[PDB]
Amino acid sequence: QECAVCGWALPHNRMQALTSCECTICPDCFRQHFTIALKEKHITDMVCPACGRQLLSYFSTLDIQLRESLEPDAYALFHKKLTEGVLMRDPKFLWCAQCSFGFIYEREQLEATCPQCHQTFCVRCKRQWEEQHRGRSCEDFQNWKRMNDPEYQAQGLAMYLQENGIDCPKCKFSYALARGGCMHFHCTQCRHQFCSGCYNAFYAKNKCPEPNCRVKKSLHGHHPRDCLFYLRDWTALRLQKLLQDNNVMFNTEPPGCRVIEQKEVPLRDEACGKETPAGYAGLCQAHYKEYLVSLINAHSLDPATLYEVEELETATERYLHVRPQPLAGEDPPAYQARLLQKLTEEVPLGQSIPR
């Protein structure tokens, strides 16, 4: 146990074990040899000072020990010559996601082993390497991990409702929250009050510009006929009937309500905890209806296709501002067909509803 260039007797942990040749060099001689090789000699002269030692990944391993036992100015020239004489560009520096160690990696493979934690990771997505990722894109791999994380599927449809964010229509801030039972949403960043289902504005007192509105002196909004503001009053069975008639599948069984809400604190995360009835996919009643309405909105299903005459007359006075009147010779089917025809032609679905 002694330095191979000066003979100084030191323990093994007092010297530097050169990885390429395992010739132990004391700290001072290791330092002084490699600076004069950088100061007066060329990059090819960075050979070991003890032994004799075209695979030049030796610079990647030497860069580690050079970073430790060298001055910053001398370590800067080593990088300068490495790019000005070997690489014609900066070296690719990789950070290990599991141990936070930085190292130069200039190899062929997509997998890279950390010289510290000795774990292998993909150079693109920086996730830990597995045999499943071989031959697959990183997008395919991390989705296979999400499709195999027991704690992720245990949350159930709560993750689906949170994936559908609430985007503020004016400040565009994204909130990874479920809409819940109440449609009113106040954005912390811009103080905008809007409906979380149709993204229309909640007008204050005497600020509503819509014509023929009879509640202008009150806080309110105007919602399309397919917004959750209205479809929340439908029963789960009738919401499912609109889905079944268009061959849209929906969950009834799970594949307190675990849908994450926000708790007011001097905001904390808190589960819904409401009763999860049978046939509601383990969700709350309001959160299950939100789940069905999102399916309805995604496929742009028209709830007016299930309207009866009284509902069609209410919709005609609301969105067309004309009290309908049956014409002579019409039966209930014809009167219903005419009102449904005019509504679907003149009043579209939610133009701002997230689909």
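Note that residue numbering follows the sequence shown and begins at 1. Note that the rigid core is defined as the largest set of C-alphas that superpose within 1.5 Å between two forms.
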Kindly name the stretch, out of 55-63 and 296-304, whose CA atoms are displaced more from this form in 4 other deposited structures of this protein after the core superposition? 55-63
Superpose by the rigid core and compare 217-225 with 257-265; which one moves more, by C-alpha RMS, in 4 other deposited structures of this protein? 257-265
Does the entry skip any residues of the deposited sequence between residue 321 and residue 322, and if so, is it 1 to 3, 4 to 9, or 10 or more, or none at all? none
Once average C-alpha B-factors are taken from the entry for 159-167 and 97-105, the winner is 159-167
Residue range whose averaged C-alpha B-factor is higher in the record, 226-234 or 149-157: 149-157
Of 305, 316, 65, 294, which one's C-alpha B factor is largest in the deposited record? 65
Checking the record values for 115, 256, 91, 279, which has the greatest CA B factor? 256
Hey, what third does residue 270 fall into on Cα B-factor, ranked over its chain? highest
Please rank the C-alpha B-factors of the chain's modelled residues and tell me whether residue 247 sits in the lowest, middle or highest third. middle
Third of the chain's Cα B-factor distribution that residue 125 belongs to, per the entry: lowest
Please place residue 143 in the lowest, middle or highest third of its chain by C-alpha B factor as given in the entry. highest
What third of the chain, by the recorded C-alpha B-factor, contains residue 29? middle
